[PDB]
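*Asks:* Residue numbers (the authors' numbering), protein chains in the order written: chain A, 30 to 49; chain B, 99 to 196; chain C, 44 to 389; chain B', 45 to 389; chain A', 30 to 384; chain B'', 45 to 389; chain A'', 99 to 147. A prime marks a further copy of an entry chain.
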Ligand SMILES: [Ca+2]
Ligand SMILES: [Ca+2]
Ligand SMILES: [Ca+2]
Ligand SMILES: [Ca+2]
Ligand SMILES: [Ca+2]
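1) Could you list the residues in the segment 102 to 127 of chain A'' with a C-beta less than 9 Å from some C-beta on chain B'', going in chain order?
2) Which class does residue 212/A' belong to by DSSP, given the choice of helix, strand or coil?
3) Please determine if the segment 200 to 211 of chain A' and the segment 116 to 129 of chain A' are in contact, where contact requires at least 3 C-beta pairs separated by less than 8 Å.
4) By the criterion of Cβ-Cβ separation under 7 Å, what are the contact partners of residue 32/A in chain A'?
5) Any heavy atom of ligand 1 inside 7 Å of the beta-carbon of residue 177/B?
6) Do residue 139/A'' and residue 116/A'' have their C-beta atoms within less than 8 Å of each other?
7) Who are the Cβ neighbours of residue 178/B' in its own chain at under 8 Å, not counting the five residues just before and after it?
8) Under 8 Å, do residue 183/C and residue 72/C count as touching if we go by C-beta distance?
9) Just to confirm my understanding: we take residue 324/C, look at its own chain, exclude 5 residues before and 5 after, and list those with CB closer than 8 Å. What are they?
10) Secondary structure at residue 49/A, three-state DSSP: helix, strand or coil?
11) List, in order along the chain, the chain B'' residues whose C-beta lies closer than 8 Å to that of residue 139/A''?
12) Quick check for students: name the residue ranges of the beta strand (DSSP E) that lie wholly in the segment 53 to 116 of chain B', counting only runs of 3 or more.
13) Any chance the CB of residue 122/A'' is under 7 Å from a heavy atom of ligand 5?
14) Can you pull the DSSP bridge partners for residue 281/B''?
15) Measuring only from the beta carbon, is residue 170/B' closer than 7 Å to any heavy atom that is part of ligand 3?
16) Which residues, in chain order, does the segment 229 to 260 of chain C contribute to contact with chain A' at a C-beta distance below 8 Å?
17) Cβ atoms of residue 246/B'' and residue 255/B'': under 8 Å apart, would you say?
18) Using 8 Å as the threshold, is the C-beta distance between residue 375/B'' and residue 375/A' below it?
19) According to DSSP, is residue 176/B helix, strand or coil?
20) Check whether the Cβ of residue 87/B'' lies closer than 8 Å to any Cβ atom in chain C.
21) Please state whether the Cβ-Cβ distance between residue 337/C and residue 355/B' is less than 8 Å.
22) May I ask you to list, following chain order, the residues of the segment 167 to 181 of chain B' that have a beta carbon less than 7 Å from some beta carbon of chain A'?
23) Could you check what DSSP says for residue 32/A' in three-state terms: helix, strand or coil?
24) Beta carbon of residue 164/B: closer than 7 Å to some heavy atom of ligand 1?
25) Taking the DSSP output, what are the residues bridged to residue 288/A'?
26) Looking at the unbroken alpha helix (DSSP H) that takes in residue 134/C, where does it start and where does it end?
27) Counting only Cβ pairs nearer than 8 Å, list the residues of chain A'' close to residue 82/B''.
28) Looking at the secondary structure, which residues open and close the beta strand (DSSP E) in which residue 156/C lies?
29) The segment 181 to 205 of chain C: which residues have C-beta closer than 8 Å to a C-beta of chain B, in chain order?
30) Per DSSP, which residues does residue 316/B'' bridge with? Please list them.
31) If you draw a straight line from the C-alpha of residue 156/B to the C-alpha of residue 145/B, how long is it?
32) Excluding the 5 residues flanking residue 272/B' on each side, which residues of the same chain have their C-beta closer than 7 Å to its C-beta?
33) Measure the Cβ-Cβ separation of residue 447/C and residue 282/C and say whether it is below 8 Å.
34) For residue 196/B'', which residues of its own chain have a beta-carbon under 8 Å away from its beta-carbon, when the five flanking residues on both sides are left out?
35) Between the segment 79 to 99 of chain A' and the segment 212 to 230 of chain A', do at least 3 Cβ pairs fall closer than 8 Å?
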């Protein structure tokens, strides 16, 4: 295993739902 | 519930963090550097270097909680809270880590 | 069934260490495997007699920066009683042991130890001699191969799985033993000059020759915790004291160092001491305050002067805290009354 | 090939009247080694190691259902473990896997699954006392609540073992002997120097004043009658200082020994040690203590002496040895200095 | 291809194998048993890899051993004109200590394989110890549990005192399994006792006006004690002393230093060898660790230094009184450095060639 | 039947900082004999001959990719061959069949196919030094280009061998010891005859004037502290001539020995040889040198003496022996005269 | 190779010897004081009056 300059916070798009 | 701990720093930054979830509202982590190994004995329990960001899913008991604390009568804390989430500083970051 | 379980869990075996402050070859982790090493494991293991370690996985969390050069050697020596050489030469010794490896300070690993499927006792034997081999499958180590340039925080966790067998409950009737936290100085007693006020008193003598009394913030820096007028300790080797008065003479082994109130109780100092048969308790051996029986049964304090033998104590010496009447003090009681900085292991 | 399989059965504890024990005290707490059963012992003394195939304890109490109270029994499977010595022993013992409670009128039999390990048959005479190697654990019978009337209790052991590695050893190396009564002590005083009473062993009833140790009292303290050649190794040595003209010498009193006085009519007891001159334990009376000078000649230059005060309780264990410091065996001791025959121990 | 901050040395866990060895070594050699009386044990060595050169060398590289076969060969060089005999045998318990000897013979004889023989005949013993897995070293930390690292001890008792010079030798022909690979430190030299039972070492302190009154002397149990010439030391111990011979005493001897207005008692814990007259001779004296010099020194009043409360060093002692003591062939002296460190075997062997 | 198959692994070289080596110099050049690995050594000392089934060298360098430069490693399969000792070593070594080059930040493992011959396990103590019989060749790690920053380097050896023919031998017969520094020398002068300084060993920093050899300097030259009984066999004997009234004698100085001066406060170092009179190595001071005459009587007839000038460099190998000329073992020497613990050698 | 060591010394002679074969032409033994246990480690070696 190799060490990077940096690892980036896992890209996660906030997702919601519509309600009644 | 999934907690996203982000730390936007380079692998040059030494040290790490410890995170996890205590599944009782009443419980109270010992307030020293001793908090860490206590928290670590709880079932969810990450340690990562400051440069490594995580996501932590937390299986929560499928009980119904009240949504607010009691304004009347006694403060039975376990009825409205499923427990605390913690992120502790194992070892101080060697440089600015946000 | 009962009388037998299978238990899994992950706990913290050892809390943070900065390897950047450790001489090459020294161990930053040197831990004998016993159930009490892990919070959850130790608690449940108390409720059984024998244990079998099915899997032990050491999670070594090395969080040194990816630039910081150098590495660590870590292994598991398979004998509780063995002891690595205090030197840089420990490392090639340890490398020779099975399952050993190096890895740079930034690289954490999860090393799996393969433990003999023998049943061990779960606790140190309360009766008899401390055969460490009976209850400990071995020691887990982490040595500093190449001392880190910069800060280098390192920790260890354990993934364990064990069988617990034969169900009892232990008191637990455990007791502590202290030694000095720091090694840059010693504490000692003096018998010369006979005239002095601090004769038989305990003093701290640094590398800097001159002895000095215990502030006791001085005591604090030697033992790692604060004193208390109820502090008493058993000495590894007794110290001869010679009481003498008007046509009377007695010899006494100073078996204890005790704290005692000084000049109207708003002060504390430390003196040599032994169990007094009259008082049925541990008192500081002071001529006028030392009482004794005579043939008739009467008690008297005829001693006017005393001659204490010189003696020094080091980091190496093992003290053991005991309530007056040398009654051993439980581990949790001592840790409360006399709290040291929280570390793991203890 | 040498090894054997021995069945048998043997009284472990002889009858006792439980109505005299307090609540919390044990009528039995006994580490299982072969030497407790007669038959088992006498054969296993001719073998080095042992496996306990089977153990069944028979607790008998021959009393009527009129007798109130009960007992608690069980087996702790670790030689090292030590039941808390209060009334607290009971609930601790009860948390162990075998754990009866019965009324005093109900007798039982208790089988004990023992780990199938090989134990040594004797404790180590050399090196450290790693107790777990020769004992699989203790058997206990505790007095939950004192019997309301005379209830006599016994314990038999049905046993089956395997024996291996052929040797032979004697019933004992040595014996240890403690006091029978607990409201007394033995004392040495040296404090009033001029007294002719210093150095001699005395009996103090803890409240009362101490008095000279006479055979009739000795009896009530130790459970047997002393004699001309009673001698004992004390557990902690006592310091002694002898002096004369141009002469001083420190001597550790390592024994209490009997010696005879006023022609041999009576006998008294004195601190004592081995005299390199005579190669015998002697009573350390300054005029009578002999030493070598550098030329090898023997003198007795001492005239004064200072004994350090010391005390001994029912907790102290004295070991009988002959003069010459040869520790005297159990069988032999019991023969020379007989006490009441109880069995356990 | 991309360049990292760093690449980590390929993780490789050292892996070894367990072996089965055969071999043989001289296990013990004695000279002149003759002085030893009936029941004395001229040989009783507890079996451990340490004892044999060759075994001990390999066993050093393993944590755990299993002695599948031990075969002992007892010889005695005593000519066929020597009367008397011996019993030899193996006791399968590291802890057992024999009766006194007078009666040890019939005990040893009850242990299987044990044989009785005249001095001028040899015996051979095939001992087996299957299915038992020992450590290869006495525990460093913790209590010394003899049974963990030792399968028994091998004895040779004098049955009838030999009439003439009767040196004895035991040779072991072993075959073992070794497991769990480690590497240990060299073996520290073990306790030493006399090679002769008709002599004692002695310290007399009594005639205080005497020149040699803290010294160690050798008394032929018959007559008056003599000074310890190196040649005598050798006849008693088996080797020649040197100027840094220091050895730990079995039980400490009390000593009392003194001068006007100054008193101090000193637990004498060693016998040092010091230099006698202007660095050409050598004598032996009671000794103790000196906190002033951080070394074990002979307890001579005028040369014994101590700290005082100020921290300063002073030599205020003018007279001194030594309690008498006696050492015998039955006593165990542990060779140590002037720092009370046990010296490793090979170093001892080099400083102290036997004979 | 005696023979075995041993697996293991062992540190060959302990960590070093490559950033301090020059280009062309080797951080390792090491002839493979069992005595370098601890585990391997300690077992193969109990066997006469050996086959190397497997050898894998692990070169570790725990540094960041920021560190410039690289290393070259490989194995020369002949014990006799000798890499040219310049920066030229590198391209020579590279022509051998195994031959890595890597940047300092890249650690490797190098397997080495070794001829399946049986080697002796030790060098010959008798007869000629036919080196090819006990060594299959040297392993080298050379500094191509000096590391731009601290790069710590180690070498482990994964090994698998067969061992045959059962014997036993000690870690060493003797040891050889050279200088630690290279900008100095040791000197003997006899040239200004009248000087009280002749014959004694001195330290000259090659440019500076020579000065008396004192413990503190001795330390910086040899890497350890001398003492009362430091003695050494020199590689080339030095001639010495003693004279008196009707008396002359030539004596080869075969040792440098320490002796003590001015009461024993300090110590100095002198040419020395074995004295047949006293059976000990002695410092060859005319008044103190004793000899036999034909009648067997011992005299010390010498009053003058002439020492021949000699020089010693960091290239000279001194061998420690006790007086009596018994060469002292490595383990023992290291114990008596401790230096910094490095591993290879 | 089969070696037969005899010694004419009569049964009244005390002392003994060790005999054995070292499978290396180059080995030289310890000094003797300690050669005995070395020689004894080489297989086939026997100690005898
Ligand atoms: Ca609400
Ligand atoms: Ca237990
Ligand atoms: Ca036994
Ligand atoms: Ca070991
Ligand atoms: Ca060879």
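A virtual CB, placed ideally from N, CA and C, is assigned to each residue, including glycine.
*Replies:* Quick look at the numbers:
1) 120, 121, 122, 123, 124, 125 and 126
2) coil
3) no
4) 33, 34 and 35
5) no
6) no
7) 77, 123, 163, 164, 165, 166, 167 and 168
8) yes
9) 318, 367 and 368
10) coil
11) 90, 210, 211 and 212
12) 70 to 75 and 91 to 105
13) yes
14) In DSSP, residue 281/B'' forms no bridge with anything.
15) no
16) 231, 233, 234, 235, 236, 237, 239, 241, 242, 246, 248, 252, 253 and 254
17) yes
18) yes
19) helix
20) no
21) no
22) 168, 169, 170, 171, 172, 174 and 177
23) coil
24) yes
25) 291/A'
26) 133 to 139
27) Those within 8 Å of residue 82/B'' in chain A'' number zero; the least Cβ separation is about 20 Å.
28) 152 to 156
29) 193, 194, 195, 196, 198 and 200
30) 299/B''
31) 15 Å
32) 302, 304 and 311
33) This structure gives no information on residue 447/C, because the portion of chain C shown stretches from 44 to 389.
34) 59, 60, 61, 62, 105, 106 and 107
35) yes
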